[PDB]
Amino acid sequence: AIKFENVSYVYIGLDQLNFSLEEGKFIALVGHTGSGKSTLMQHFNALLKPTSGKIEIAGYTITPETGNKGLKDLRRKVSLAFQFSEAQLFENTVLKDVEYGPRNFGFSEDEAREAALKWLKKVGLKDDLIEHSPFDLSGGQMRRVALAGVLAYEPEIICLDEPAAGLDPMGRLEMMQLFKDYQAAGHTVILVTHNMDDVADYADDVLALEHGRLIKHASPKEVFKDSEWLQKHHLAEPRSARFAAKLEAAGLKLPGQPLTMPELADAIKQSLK
Amino acid sequence: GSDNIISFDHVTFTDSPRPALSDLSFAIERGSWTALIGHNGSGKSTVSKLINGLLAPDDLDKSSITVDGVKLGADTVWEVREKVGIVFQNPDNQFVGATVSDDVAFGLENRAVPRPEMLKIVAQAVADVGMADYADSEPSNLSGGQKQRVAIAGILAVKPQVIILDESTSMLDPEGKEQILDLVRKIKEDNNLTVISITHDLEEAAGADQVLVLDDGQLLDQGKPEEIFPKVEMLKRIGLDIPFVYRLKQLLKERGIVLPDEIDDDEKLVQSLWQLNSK
Amino acid sequence: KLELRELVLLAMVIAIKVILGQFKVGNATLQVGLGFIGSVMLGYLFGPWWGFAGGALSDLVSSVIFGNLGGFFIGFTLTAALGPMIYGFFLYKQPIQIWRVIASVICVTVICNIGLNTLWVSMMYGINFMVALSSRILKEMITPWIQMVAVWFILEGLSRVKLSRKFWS
Amino acid sequence: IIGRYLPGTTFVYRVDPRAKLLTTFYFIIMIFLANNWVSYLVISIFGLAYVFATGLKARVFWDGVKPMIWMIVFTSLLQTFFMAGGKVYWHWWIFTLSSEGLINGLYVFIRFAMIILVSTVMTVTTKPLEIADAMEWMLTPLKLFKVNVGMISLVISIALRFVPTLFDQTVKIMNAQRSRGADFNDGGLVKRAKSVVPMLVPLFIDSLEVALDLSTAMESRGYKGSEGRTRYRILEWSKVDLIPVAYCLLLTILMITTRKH
């Protein structure tokens, strides 16, 4: 699991985070801008150490006096994909760029190549664009190459800061389904996002932050249960939730909680029958 | 009548085999909000640079871009860039000044506006967007929505006739996109101007007066949002995610609940389900 | 001769040089600053003359936003200008070669760090030239070889971007 | 580490940055003139009068001195052992500590102190944008060589506006590479030198993107060159700027008169 035991960070800041994310779920990390989502994300792989408290992630204890050695095996298991992760592309070819991570984490040149080729197939990159320069690709292709570079060494836990931002709707759907398949294969996906439709569609657990404190840790149905609480705590609903609220305001009784759009359509159909 | 006129443009984008825009011909009506939607390779990324003259069309004899009666040539680009102001995509990559007031003043310094008039105009434009309390703030201390507000203020300070929002909200959080669109709407009907949106956000295009649809450099289809978004298969096959109301109507139609195509916004769908629940 | 796009790129490389001059590498015994990397980008991408201008302006910018640590003296501005000019004499519009990297780092070390920066220290602090040199000889007899190795790998990194679509020229 | 300015309300903060930067340069020039103990005493009283007239605490000056205090003492001891003369204390094979050596070491220590103290006042007591404006003002006599000074000022202003942005980008890039296994502080010489490409190449790619975007935005907003433009942010002289010229003319007279020639 990922246990945070009274975790704080100062100098954008965290204050007494207590949660236990279980292994194998799709966790959404929500909250307003500046609520400390990026700080918590960087705490997941000890880029930032806590000022007080313990982190139990991937069999590793992270403490305020945690050194900078032994983080290679932590970062081999816990991977972060930063926002605009295509910025980090630097290598001569696409394949060398993807296998930079595995070769960093002790993969052999044969193992890193096979891992890179598998994950370049998985992120949906064309086979001829392998051995091209990373700077000669399109924006979506560079995003896919960056996502393959952080998934090639098969991390146990992957933390994503807006991984499908600014993408084709089919490309956005394909990336979110890539992460859903990756979680369905036995891994933990943490999605730091401001979108709420993907939180409704894919997340099993939701971490809500507000000014650096954990304000809710529940399923998306329980997080989006009441609209007053989210508006008070600077959180948005999915559009299906807002439309269900507009239907209840009119007076249509909707069975279940319609967080997604097919669920909302099914609720409208059954509410008409 | 029409403010911007494009007739038969081609841009081959400096080695590229295929032209990004191919025989493109549209007109932008004066005083309207027109949205250009399309895929990331539809050619709409070059339209704003073509309108203000930063890019030239492939053949000047057979192409014609007229802005407010002023044809674009190599010489009239500065007459056009005082009519057209573009808000670009990245908020801090268009933030040229050291502070908010210095960034808004940049376009006025280019026009050699005298400094006291410049001070009054900059203060008024900074107060026009919601940024009067941040006039001395460096861009490193601003959010993307605030820097987009400063970009809109700097464009607005020099009194243009057209604002072009070229993917302006595409790097913002959802709470910033709403604020920027509301601000641009307030600015538009407070300054009697035309807004052109190049966007992949189709909730922005749903509020437009006109929607131009681009597909591989061709003007695919044209019209109001209430007659662009009901045709769902075309926007599906050109890789465009239709707004919430229209894909909800599509899901309900796939579930047997047929709804008229003249429902354009969500409350209309609320009543359209109310009377169908009433019967 | 330099368009607005190249002017803004020169400002970016000046900013990069300032940021890299704030960076250090190596263990606690051996700290090597990274500003020579910005000197090499200034000389490699813009030539000797715009490299000279960029080095002088980078000294001014770094003095503005980090304080000019040595003092406030235009001799250090001249030295910071002269570095990228030598890198532009040796590396601008040239194929990447071992001898060019070695010779450029030697010429920058001898002309700027060993020779002229020692002259400014002896002029400012009133000491003899040999006293300033002995105060500075040990770092500048170790850092040239580290700089040669680093500059070598910088140049294929800068080359693979110049051959990419991102480089407009 | 970006911000070095510490706010205050003393008259030094009201002095024009052109006057303060000229006073800094002139104080370096007057430090060149100090050779005997009377001139070093005069330049020390003037520098300490400036420092006490800023009203700052001694800790900001100590932070200014801290990085090169070992360079200061090494240079001071090297001047102690080279220009030795007169008395002898603790004599060695070549090393000889002397009275003349100790006063020469004191002289070079005083010079290091007065250089650093006055330049720390320049950095701390005026805002970086104002220092940039003063430098643009001092590059004005380069117009005699037909050097485009407005172009230089534009390059300087863009570089200053984009140092914190590209520093955030550098830290972000390094964190993104470290997350997938990069070490920027281990490995030996070749491994360390290869490790700066994962930092520099994304930085140069980002700089190219920013340069294209910013030049596009500037040309969209009507920037056709530095000529024919007005200025929004001006520097204005005032009566408090007569204090630096009285401070510099009085220092000049005592420098010329009290030095041994």
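(A) Just the overall build of chain A, in detail. Assigned secondary structure in chain A consists of 12 helices and 10 strands. Expected size for 273 residues packed as a compact globule is a radius of gyration near 19 Å; at 20 Å, chain A falls within 12% of this value. Along the first, second and third principal axes, the C-alpha atoms of chain A reach 65 × 45 × 30 Å. Put simply, chain A has 273 residues, and 58% of those count as buried. Here chain A displays about 11000 Å² of accessible surface, and carbon together with sulfur accounts for 49% of that area. In chain A, 32 side chains carry a positive charge and 39 a negative one; their mean positions are 3 Å apart.

(B) Structural view of the sheet that holds strand 2 (residues 21–29) of chain B. All names here are of chain B. Here four strands make up an open sheet; going across it, the order is 2-1-4-5 and the pairing antiparallel. Sheet topology places strand 2 and strand 5 (70–71) at the edges, where each strand pairs with a single neighbour. Inspection of the sheet shows strand 4 (residues 64–67) paired to strand 5 by two bridges, in the antiparallel sense. Opposite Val67, over in strand 5, you have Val70 as the bridge partner.

(C) Region of the structure containing the interface of chain D and chain C. Counting from both sides, the interface comprises 67 residues of chain D and, opposite them, 60 residues of chain C. Of the roughly 5700 Å² buried where chain D meets chain C, counting both sides, 86% is carbon and sulfur surface. The largest share of the area that chain D buries against chain C comes from D:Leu200, D:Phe204 and D:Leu208, three residues that together contribute 11% of it. Where chain D meets chain C, there are zero salt bridges. Where chain D touches chain C, the interface holds one residue pair in polar contact. Breaking the side of chain D that touches chain C down by element, the ones donating at least two residues are helix 2 (17–32), helix 5 (69–82), helix 6 (99–124), helix 7 (128–138), helix 8 (149–179), helix 9 (189–194) and helix 10 (197–220) of chain D. Considering each element in turn, the side of chain D that touches chain C owes the most residues, 16 residues, to helix 10 of chain D. When the residues that make up the side of chain D that touches chain C are grouped by side-chain class, the tally is 54 nonpolar, eight polar and five charged.

(D) Broad picture of the pairing of strand 1 (residues 2–11) of chain B. Residues and elements named next belong to chain B. Looking at chain direction, strand 1 and strand 2 are connected through seven bridges and run antiparallel. Bridge pairing in strand 2 places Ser2 opposite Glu29. Here four bridges tie strand 1 to strand 4, and the two strands are oriented antiparallel to one another. When the bridges of strand 4 are listed, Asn4 appears paired with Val67.

(E) Region of interest: the interface of chain D and chain A. On the side of chain A, 19 residues touch chain D, which itself brings 15 residues to the contact. Summed over both sides, the interface of chain D with chain A buries roughly 1500 Å², with 57% coming from carbon and sulfur. When the buried area of chain D at its contact with chain A is split by residue, D:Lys172, D:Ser179 and D:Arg180 rank highest and sum to 45% of it. One can count one salt bridge joining chain D with chain A. Among the ionic pairs, D:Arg180 bridges to A:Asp97, the shortest N-O distance being 3.5 Å. Breaking the side of chain D that touches chain A down by element, the ones donating at least two residues are helix 8 and helix 10 of chain D. If one sorts the elements of the side of chain D that touches chain A by residue count, helix 8 of chain D sits on top with seven residues. Of the residues assigned to the side of chain D that touches chain A, the class counts are seven nonpolar, five polar and three charged.

(F) Summary view of the sheet that holds strand 6 (residues 84–87) of chain B. All names here are of chain B. Strand order in the open sheet formed by six strands is 6-7-8-3-9-10, with mixed pairing between adjacent strands. What marks the edges here is a single partner per strand, and that holds for strand 6 and strand 10 (218–223). Taking the axes of each pair of neighbouring strands and ignoring which way they run, one obtains an average angle of 20° across the sheet. Of the strand pairs in this sheet, strand 7 (residues 162–166) and strand 8 (residues 194–198) are connected by five bridges, and their pairing is parallel. Looking at the pairing, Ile164 lines up with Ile196 of strand 8. Contacting strand 3 (33–38), strand 7 and strand 8, helix 6 (residues 174–191) crosses the sheet at an angle of about 145° to strand 3.

Criteria and cut-off values
Residues numbered from 1 in each chain as written, not as in the entry; some residues may be left out. Chains lettered and ligands numbered in written order. Heavy atoms only, no water. Residues with missing side-chain atoms left out of burial classes, pairs and counts. Helix = DSSP H or I, 4+ residues; strand = E, 2+ residues; numbered from the N terminus. Rg over C-alpha atoms; globule rule 2.2 N^0.38 Å. Buried < 20%, exposed > 50% of the residue type's maximum accessible area, 1.4 Å probe, protein only. Areas by Shrake-Rupley, 256 points an atom, 1.4 Å probe, with all protein chains shown as cover. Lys, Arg positive; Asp, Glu negative; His and termini not counted. Charge placed at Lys NZ, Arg CZ, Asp CG, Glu CD. Pairing = 2+ DSSP bridges. Contact = heavy atoms within 4.5 Å. Buried area = accessible area lost by both parts, 1.4 Å probe. Salt bridge = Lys/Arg side-chain N within 4 Å of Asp/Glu carboxyl O. Polar contact = N/O pair within 3.5 Å; in protein donor to acceptor, adjacent residues only side chain to side chain. Nonpolar A, V, L, I, M, F, W, Y, C, P; charged D, E, K, R; others polar. Axes fitted to C-alpha atoms, helices over the stretch in contact; angles between N-to-C directions.

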